[PDB]
Every structure is written in structure tokens, then in C-alpha cells.
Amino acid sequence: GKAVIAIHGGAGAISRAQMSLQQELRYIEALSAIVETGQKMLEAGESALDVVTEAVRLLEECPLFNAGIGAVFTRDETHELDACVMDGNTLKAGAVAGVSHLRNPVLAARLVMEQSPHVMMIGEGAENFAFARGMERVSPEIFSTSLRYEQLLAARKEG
């Protein structure tokens, strides 16, 4: 079959009444640039594993989508991030849960896959494993956006 990529940036109550065409185009433009990068990599002969890693790193970087930069806020006005990657050839997987100091959780998930005898690590230990292998410590404030903070205030009462 032809080489192919699909991506998503989440499902939910997205309504036509909620946006202008220009606001819609900001999402369409982001999804198009990421699938194009994926299609170019496939056409050049790059692996499905490297293509899905790069595509999710881009979706994390994009502040419009709830992963990495643009993550939702927790009850304590923090961010806590989860990710997984799986190779259909070897049936290897890697995953992290509950991480706040890694900019790109899918890259930390790929390190767990490629550089450990484990599938899943959690919390500070997941972060310490990645830091020991040259991954950068970030402040969780890097993920914070005005739009997601306003969504937090709309969903609660103020003390």
C-alpha cells in the first residue's frame, strides 16, 4: 500500500458557531504543515517510527493543541504530561506519565523505548532517567498559555 500519515489534535465539542473562518484557518494551517512534514519524510524513505515521533513533537510545540506547549492546567494551576510511542515491527513501546520538567514527552517516551528494558516510567524518576541521557530540565511555566488559563477560570469558582 501507499505510504501514508494521519494526525489528530483532539476530539470534543468543536462548533461552527464558535469560530470565524480566519480562526479555523489557524488550526487548518497548523495541521497542514505537520502532515506535509510527515508526507515529505515518508516520500524520502524515512521510518514510520521516526515520522510519528516528529509529527507528535510538532503537535506538542504547537500552542493550539493540548500536549507540550499549550497543555491544559491542573487543579493546582500546574501542568502534568503523558505520552506513548509503539513500533509495529519490533512491538517495542515506551511511555512516560506525570512529567512536568520535560519539554517534549514523546521524545522521553522514545528514549524509554530505545534506551531501557522498560515500557513505562512515572514522575520525577522518569525525568531523572531522561536528564541522565542529556535531555534538558525545563520549568513547567513554559507550557502555559492565556487561552488555557481562561478555560481553567471558566470551569471553576474563585476562592
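Residue indices: 1-based, along the sequence shown.
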Between 63-71 and 22-30 (mean CA B-factor, as deposited), the higher | 22-30
Going by the entry, of stretches 146-154 and 11-19 the one with greater average Cα B-factor is 11-19
Which one of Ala132, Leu107, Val56, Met120 shows the biggest C-alpha B-factor in the PDB entry?
-> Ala132
In the PDB entry, which of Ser47, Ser116, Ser100, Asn128 has its C-alpha at the highest B-factor?
-> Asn128
